[PDB]
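Coordinate inspection notes
Here's the letter readout for the chains.
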Amino acid sequence: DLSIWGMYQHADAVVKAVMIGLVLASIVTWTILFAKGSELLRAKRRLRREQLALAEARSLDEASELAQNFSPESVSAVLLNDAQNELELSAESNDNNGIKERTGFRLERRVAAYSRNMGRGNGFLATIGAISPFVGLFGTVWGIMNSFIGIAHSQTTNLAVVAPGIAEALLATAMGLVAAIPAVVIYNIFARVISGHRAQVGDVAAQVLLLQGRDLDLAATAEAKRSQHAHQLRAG
Amino acid sequence: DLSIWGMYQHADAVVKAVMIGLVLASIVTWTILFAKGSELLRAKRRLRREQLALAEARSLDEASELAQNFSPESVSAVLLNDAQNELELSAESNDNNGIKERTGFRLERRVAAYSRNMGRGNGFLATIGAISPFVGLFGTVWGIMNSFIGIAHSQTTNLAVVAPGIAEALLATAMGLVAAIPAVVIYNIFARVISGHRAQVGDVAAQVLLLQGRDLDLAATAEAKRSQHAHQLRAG
Amino acid sequence: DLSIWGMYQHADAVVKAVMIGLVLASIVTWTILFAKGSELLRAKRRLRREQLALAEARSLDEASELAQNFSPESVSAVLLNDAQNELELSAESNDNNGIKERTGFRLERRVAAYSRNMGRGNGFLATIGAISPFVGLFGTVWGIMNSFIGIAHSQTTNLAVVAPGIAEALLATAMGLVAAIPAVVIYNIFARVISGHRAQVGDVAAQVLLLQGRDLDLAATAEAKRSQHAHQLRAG
Amino acid sequence: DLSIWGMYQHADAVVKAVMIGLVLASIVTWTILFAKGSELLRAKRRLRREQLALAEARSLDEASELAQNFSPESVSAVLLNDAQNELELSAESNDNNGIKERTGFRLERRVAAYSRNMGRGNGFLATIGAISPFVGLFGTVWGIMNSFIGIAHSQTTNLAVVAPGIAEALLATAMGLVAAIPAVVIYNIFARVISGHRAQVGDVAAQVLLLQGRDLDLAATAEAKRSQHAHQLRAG
Amino acid sequence: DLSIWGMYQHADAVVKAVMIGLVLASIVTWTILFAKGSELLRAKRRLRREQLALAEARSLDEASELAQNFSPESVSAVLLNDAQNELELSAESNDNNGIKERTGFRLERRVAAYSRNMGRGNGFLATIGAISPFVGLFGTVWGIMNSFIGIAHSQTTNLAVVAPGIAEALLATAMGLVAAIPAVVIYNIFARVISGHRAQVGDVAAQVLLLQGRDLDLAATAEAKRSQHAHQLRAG
């Protein structure tokens, strides 16, 4: 009558509350894994295809033309629209260093927002893996405390009577560790994957800033080369 | 006579001091939650309305006109007044890169001050969730130490006499964990929410710096275009 | 004979050394509090008065005139002398962006030095609150180890003889926690206050950099406006 | 029958699963050491030879000529090709500050990628050294819990029967510490070595940015000196 | 026969290996202290003398003349040679902002290298203070595990026989704490001192960058003032 289910239904009210809290923490842990690791791996494999497509680009217009047929909910099309949007909001503004600083500002704001939305379940995983051995420890401290209350109320010296109480308490601490260890492991995996992915988003943003800077620079050079002849037709 | 209230009033002076200290830590924990989480959520929903209002702005003057009817104790009106204030303190100063660097300096100072005032109760929550299992542990170490003193003073070997002492001690450590676990959980929640909100404040500050930079840039361009005709009337 | 003083004088040599080490850690903890929290609060209330005085300044010369009557060992007068000192070391240097970058460099060096001298006792508080439960744990491990040596040397089975040994050991671990918990609490308080104060010092430094930048900018503008007439009298 | 192998085969199903999980964590620990510490030391000794070769360089063309005969899978040739590649992508772009900012951008992206690929096994080592005492602790908690279930099912008071159960449990926690301690030690070693190596990669990148900046600067100076004679033939 | 040396020679093979590993960790701890704290304090007192000598400098040439008679293995002479070396490598390069950015780049690379070579033993101290209570804990877990094996092999119920086993185990954990606590204390001391010293090296580097920037600025100004007369003799 002392199986893993046997011990749970033979437990106290507070110990059962601790145990179903730890089981719900485990359900949330594995659900965060199978429902956001799937989205993370899908987004990694999507940005890899977009990164390989835009890796042959030589201007921002070729990158926008290659990004016309990307996914609707992508990243590279969002960053390319920010760069191009800034180029049209700052049209009839001749300060190209301004456009570069403002685009770098919008893209680091956008990359920061994207990377923040990536790690949503990380707070849950960090809190579960941090507090779950304490919730299991509270379960076993309450179990042993009720065992000592049961040994003080009734003058009973032997341990074969108070042993299922100690076993239920220890079950609560074991379940605490079972809810804790995938929390930390999955958190670590996610941290690695998310850093990989935020390096990819930073790489695509880098690419957009280098294609916009190179275009602005080359355009400014051609314009200068044509305007020198006008300068020497005006100052003469 | 050994209920949760029964054990407290049957405890020592130091153990009762530990227990009411942990209960006051729990009262402060839940009061920080229900009285600053309310202010944080109110400020989040207020900056969201102001962010949606100013998201259609094309200059700093349209943003100031849309922000004239904002809340008195807002953020977006404060940041917009810093930007506009700098524009009038640095009137008759032709260095526009200067105004942009000084406004970015004032706004990062203001955003830093606002974000510092946001996390006020965080020090309390971090200290309570860090030291509360130690205060519970001091309570149980003193409980077992007084139990061993009671077992050394009177030659009493059985455990049915010294068991309420050990139970009171264990109550102190359980209460330590109950004061500890919402401290860490609420700290984590608050950290997430506060990062969300400090990203929103950073976004509004970003917007103000991009509307002021774009205006200064466009103005400098128009002024330059008009002064070229004066240049060719002066240098001829 | 087993009071808190009774147990100490009835202890071993190593256990008494652990206990007076923990009492000296507690004396240092409360002395760091009452002798540097007083200096921190005095400096906070002094920089608040200087911040309110200089908040009505419109140039660096008005700020220096208002800071002539400040405290000798202040901060705002030191930072204002750095700014003004740089303005006279870089006299007959026409590069104003140079003066701004060099002043920002000296002031961040000075602010860093001031903020480093602020947190002096923080290393003591962090080390005491980190190692003090370990020193208490070493005391109780040596106490129980000597208790087991005493139970192995003399074939004595009952616990009413070996109980004051275990109580002295547990006293060492309780004293470890008492020396540990104000170390962490006071460290946290100090960290908060010191961040508050280093934000104030950063605000005053910010003010000095914005008053020096605005003055240099406005001066450069007036000089340019006067030199344009000389330019058009020279190039004609 | 209670040797280290004797205890394992006499254990439970969950305790044996814990033990082979800890042995596989130890195999992965020592394999990460002997198969990536070898690659790290090989890469350190290779970048040292390339650093000594390029330390006598005075331009980017001499560094490229000395790097023609480097290893195929090197670092210095990759960074030198980025610098030279940027110099040819931004050919017919006269903004040299642009080329310097874009090269610094590509090289910090490349250095970041290289340093990220260096620390691959670090996530494994950090997770193993963090969760391995907990997996050993889960093993011993399950061992003692099954021991108490065995002492509650059969009314058996003496400890000479339940002692191999407690010994198997303790074996699981010792094995937990054995899988944990080389995880942290090797992680620390690797962290040191990887910081050493990422300082070397940062030094080579620094060198490439200083050779490209000095060349661009010196070229711009010579070009300016020749164009001054053309200026006085155009403005005359 | 149960003195501190008595217990060690009466121990197991694994427990003696744990104990001599902890004694060698203690020897390394105190040797890192007395052989690198001496070098740190010598370097602190040497940079203080050089800082007081160069604090009266008004150019980089006066600082080089005052640094000609410094120690051979110093810091200030190294940083001053970097600044002067850059000034001669970038001779016949008129871009002074270039020289300032490249010198700041070399000096932050050099300061980073010096500060990295300062904290050599820090990895040893951090690893010893982190893993040493675990190595002591492995020693006591193996000691109690062998005690339970000895109580399971021979049906022996009393504790006066198994007590030296538990005492040897506890000795291993006490020695673990003795090797651990100076590791953390000395690490903390070193961290403080090294931050003090890396602030001094940063201050000297700051000084070198401010003396080189001021010299370049003042030179550029004088050159401009002389070249204006040539400009008005050329453009006339």
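Residues numbered from 1 in each chain as written, not as in the entry; some residues may be left out. Chains lettered and ligands numbered in written order. Heavy atoms only, no water. Residues with missing side-chain atoms left out of burial classes, pairs and counts.

Structure determination for this entry is recorded as cryo-EM, at 3.2 Å resolution.

**Re the overall build of chain A**
The number of helices and strands found in chain A is 7 helices and 0 strands. Each helix (α) and strand (β) of chain A, taken in turn from the N terminus, gives the series α-α-α-α-α-α-α. In terms of overall dimensions, chain A is more spread out than a globule: its C-alpha atoms have a radius of gyration of 30 Å, far above the 18 Å expected for 236 residues. Taken along its principal axes, the extent of the C-alpha atoms in chain A is 115 × 30 × 20 Å. Considering only intrachain contacts with a sequence separation of at least 6, the fraction spanning at least 24 residues in chain A is 80%. (Helix = DSSP H or I, 4+ residues; strand = E, 2+ residues; numbered from the N terminus. Rg over C-alpha atoms; globule rule 2.2 N^0.38 Å. Contact = heavy atoms within 4.5 Å.)

**Let's talk about the interface of chain A and chain D**
Contact residues are listed per partner, giving 37 residues for chain A and 33 residues for chain D. Summed over both partners, the interface of chain A with chain D comes to about 3,000 Å²; 72% of that surface belongs to carbon and sulfur atoms. One can count 3 salt bridges joining chain A with chain D. Of the charged contacts in the structure, one is a salt bridge between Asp 217 of chain A and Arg 102 of chain D, with a shortest N-O distance of 2.7 Å. Summed over the shared surface of chain A and chain D, the result is 4 residue pairs in polar contact. At the level of elements, α1 (4-9) and α7 (159-234) of chain A are the ones that each hand at least two residues to the side of chain A that touches chain D. For the side of chain A that touches chain D, the leading source of residues is α7 of chain A, giving 31 residues. Looking at the side of chain A that touches chain D, its residues break down into 22 nonpolar, 7 polar and 8 charged. (Buried area = accessible area lost by both parts, 1.4 Å probe. Salt bridge = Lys/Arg side-chain N within 4 Å of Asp/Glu carboxyl O. Polar contact = N/O pair within 3.5 Å; in protein donor to acceptor, adjacent residues only side chain to side chain. Nonpolar A, V, L, I, M, F, W, Y, C, P; charged D, E, K, R; others polar.)

**Topic: the pattern of salt bridges**
In this structure the tally under the stated criterion is 40 salt bridges over all chains. Of the charged contacts, one joins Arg 106 of chain E and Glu 86 of chain E as a salt bridge, the two residues approaching to 3.5 Å between their closest N and O atoms. Residue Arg 106 of chain E is located in helix α5 (residues 96-118), and its partner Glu 86 of chain E is located in helix α4 (residues 76-89); the two are separated by 20 residues in the primary sequence. Take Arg 106 of chain E and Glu 86 of chain E: they sit in the same class, and that class is buried. One continuous salt-bridge network, built from bridges that share partners, spans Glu 86, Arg 102 and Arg 106 of chain A together with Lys 100, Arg 214 and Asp 217 of chain B. (Buried < 20%, exposed > 50% of the residue type's maximum accessible area, 1.4 Å probe, protein only.)

**A closer look at the UniProt feature "transmembrane region" (unreviewed entry) in chain A**
Residue and element names in this part refer to chain A. Mapped onto the present numbering, the UniProt feature "transmembrane region" (unreviewed entry) falls at residues 13-35, 124-149 and 169-190. Within residues 124-149, the helical portion is 100% and the strand portion 0%, while the C-alpha atoms at the span's ends are 35 Å from each other. As annotated, residues 169-190 comprises 100% helix and 0% strand, and the C-alpha atoms at either end are separated by 32 Å. (UniProt positions renumbered as here; feature names shortened; annotations may be inferred.)

**Digging into the packing of helix α2 (residues 13-54) of chain D against helix α7 (residues 159-234) of chain D**
The description of two helices packed together rests on the angle between their axes and the distance between the axes. Residue and element names in this part refer to chain D. Their axes nearest at 9 Å, the elements α2 and α7 cross at an angle of 15 degrees. By the criterion of interaxial angle, the relationship of α2 to α7 is roughly parallel. The way α2 lies across α7 gives a crossing that is left-handed. In terms of residue class, the contact of α2 with α7 is made up of 22 nonpolar, 7 polar and 5 charged. (Axes fitted to C-alpha atoms, helices over the stretch in contact; angles between N-to-C directions. Parallel < 35°, antiparallel > 145°, perpendicular 65-115°, else oblique. Left-handed = near helix turned anticlockwise from the far one by under 90°.)

**A few points about a negative patch on the surface**
Where like charges cluster on the molecular surface, the negative patch consists of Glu 101 of chain A, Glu 101 of chain B, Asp 95 and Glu 101 of chain C, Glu 101 of chain D together with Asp 95 and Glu 101 of chain E. Topologically, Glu 101 of chain C is positioned in helix α5 (residues 96-118). Judged by its relative accessible area of 61%, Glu 101 of chain C is exposed. (Patch = residues over 30% accessible without salt bridge, like charges linked within 9 Å, V, L, I, M, F, W, Y side chains within 5 Å. Areas by Shrake-Rupley, 256 points an atom, 1.4 Å probe, with all protein chains shown as cover. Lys, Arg positive; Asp, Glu negative; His and termini not counted. Charge placed at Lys NZ, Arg CZ, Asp CG, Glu CD.)

**Considering the relation of the copies chain B and chain C**
There are two copies of the chain, and a rotation about an axis plus a shift along that axis relates them. Each copy of the sequence occupies a distinct position, and chain B is placed on chain C by a rotation of 72 degrees and an axial shift of 0.0 Å, giving an RMSD of 0.0 Å. Look at the turn and shift together and you get a five-fold axis relating the two. Within chain B, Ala 235 of chain B has its C-alpha nearest the rotation axis, a separation of 7.0 Å. (Least-squares fit on C-alpha atoms.)

**A look at the interface of chain B and chain C**
If you look at the interface, chain B gives 33 residues, while chain C gives 37 residues. Here chain B packs against chain C, burying approximately 3,000 Å² in sum over the two surfaces, 72% of which is carbon and sulfur. The largest contributions to the chain B side of the interface with chain C come from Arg 102, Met 145 and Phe 148 of chain B, which together make up 17% of the buried area. In this structure, the connection of chain B to chain C is made through 3 salt bridges. Applying the counting criterion to the chain B and chain C interface returns 4 residue pairs in polar contact. Put simply, the parts of the chain that give the side of chain B that touches chain C at least two residues each are α4 (76-89), α5 (96-118) and α6 (122-153) of chain B. Of all the elements, α6 of chain B adds the most residues to the side of chain B that touches chain C, at 17 residues. For the side of chain B that touches chain C, a count of residues per class yields 17 nonpolar, 8 polar and 8 charged.

**What about the side chain of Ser 147 of chain A?**
Tracing the backbone shows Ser 147 of chain A in helix α6 (residues 122-153). Beyond its immediate sequence surroundings of up to four residues, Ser 147 of chain A is in contact with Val 162 and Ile 166 of chain A.

**Quick look at the arrangement of the chains**
Regarding chain C and chain D, the two do not touch, and the least distance separating their C-alpha atoms is 13 Å. Spatially, chain B and chain E are disjoint, and the shortest separation between their C-alpha atoms is 13 Å.

**Quick word on the environment of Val 184 of chain E**
Of note, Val 184 of chain E is situated in helix α7 (residues 159-234). Residue class for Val 184 of chain E comes out partly exposed when judged on its relative accessible area of 24%. Taking the C-alpha atoms as reference, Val 184 of chain E lies 11 Å from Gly 123 of chain E; in sequence the two are 61 residues apart. Residues in contact with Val 184 of chain E, not counting those within four places in the same chain, are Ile 131 of chain C together with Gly 129 of chain E.

**So, the packing of aromatic side chains**
The final tally for this structure, using the stated rule, is 15 aromatic pairs over all chains. Both rings, one in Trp 5 of chain B and one in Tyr 8 of chain B, keep their centres 5.1 Å apart while their planes meet at 45 degrees; by these two values the pair is tilted. Taken together, the residues span about one helical turn, with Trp 5 of chain B and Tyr 8 of chain B both in helix α1 (residues 4-9) at a distance of 3 residues. On the basis of relative accessible area, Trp 5 of chain B is assigned to the exposed category, the value being 62%. Ring geometry for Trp 30 of chain C versus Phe 34 of chain C: centroids 6.1 Å apart, planes at 35 degrees, classification tilted. Residue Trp 30 of chain C and its partner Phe 34 of chain C are both found in helix α2 (residues 13-54); the two are separated by 4 residues, about one turn of the helix. On the accessibility criterion, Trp 30 of chain C (37% relative accessible area) is partly exposed. For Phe 34 of chain C, a relative accessible area of 62% translates into the label exposed. Positioned above the aromatic ring of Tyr 8 of chain D, the side-chain terminus of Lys 16 of chain D is 5.5 Å from the ring centre. (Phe/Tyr/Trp six-rings, centres within 6.5 Å; stacked < 30°, edge-to-face > 60°. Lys NZ or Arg CZ within 6 Å of the ring centre and 35° of its normal.)

**With respect to unusual backbone geometry**
It is generally the case that most residues other than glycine have a negative phi and that most peptide bonds are trans. Here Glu 92 of chain A, not a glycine, exhibits a phi torsion of approximately 60 degrees, which is positive. Mapped onto the secondary structure, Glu 92 of chain A falls in the loop between α4 (76-89) and α5 (96-118).

**Some details on the environment of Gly 213 of chain E**
Within the secondary structure, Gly 213 of chain E is located in helix α7. The class for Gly 213 of chain E is buried, based on a relative accessible area of 4%. Along the chain, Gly 213 of chain E and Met 175 of chain E lie 38 residues apart, while their C-alpha atoms are 56 Å from each other. Discounting residues that sit within four places of it in the chain, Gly 213 of chain E has contacts with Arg 102 of chain C together with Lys 100 of chain E.

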